[PDB]
Amino acid sequence: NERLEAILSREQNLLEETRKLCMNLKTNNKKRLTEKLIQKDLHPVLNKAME
Amino acid sequence: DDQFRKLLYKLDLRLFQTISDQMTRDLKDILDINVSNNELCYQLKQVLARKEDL
């Protein structure tokens with residue numbers, strides 16, 4: 001039974017450390033979109049692709 | 001007055017004292033083993049329930 005306890009703990013920790021990356025990616029994408037290619041240095045060419 | 005007969009009776013007295021104590025805690029043991037066997041069976045049920053939950 002205690003072996004099974006250990007297995008449960010292992011699965012839970014790997015689940016959590018995999019879970020956090022989705023929020024990481026979401027926030028990173030939002031920030032990078034809002035800053036890197038929305039500031040006024042955008043090449044007017046890419047305006048069409050961007051809209 | 002007789003060491004050899006007092007002996008036979010001293011070993012008989014030790015035999016009867018050890019029979020007394022031995023059967024007292026041996027009958028205590030049959031009772032205790034029965035009740036503790038049922039008790040340990042029940043705790044084993046609890047352990048199996050934990051196994052199922054996991």
# chains A, B, ... in the order shown; residues from 1 in each chain; ligands from 1
call {"tool": "interface_residues", "arguments": {"of": "chain B", "to": "chain A", "cutoff": "10 Å", "atoms": "only C-alpha atoms", "output": "VMD selection string"}}
result
chain B and resid 47 to 54
call {"tool": "write_last_selection", "arguments": {"atoms": "C-alpha atoms", "output": "CSV table (one decimal), in the first residue's frame"}}
result
chain,number,residue,atom,x,y,z
B,47,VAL,CA,-5.6,-2.2,4.8
B,48,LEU,CA,-7.3,-3.7,1.8
B,49,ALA,CA,-9.7,-0.8,1.7
B,50,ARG,CA,-6.7,1.6,1.6
B,51,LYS,CA,-5.3,-0.5,-1.2
B,52,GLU,CA,-8.5,-0.1,-3.2
B,53,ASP,CA,-8.6,3.6,-2.7
B,54,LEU,CA,-5.1,4.0,-4.1
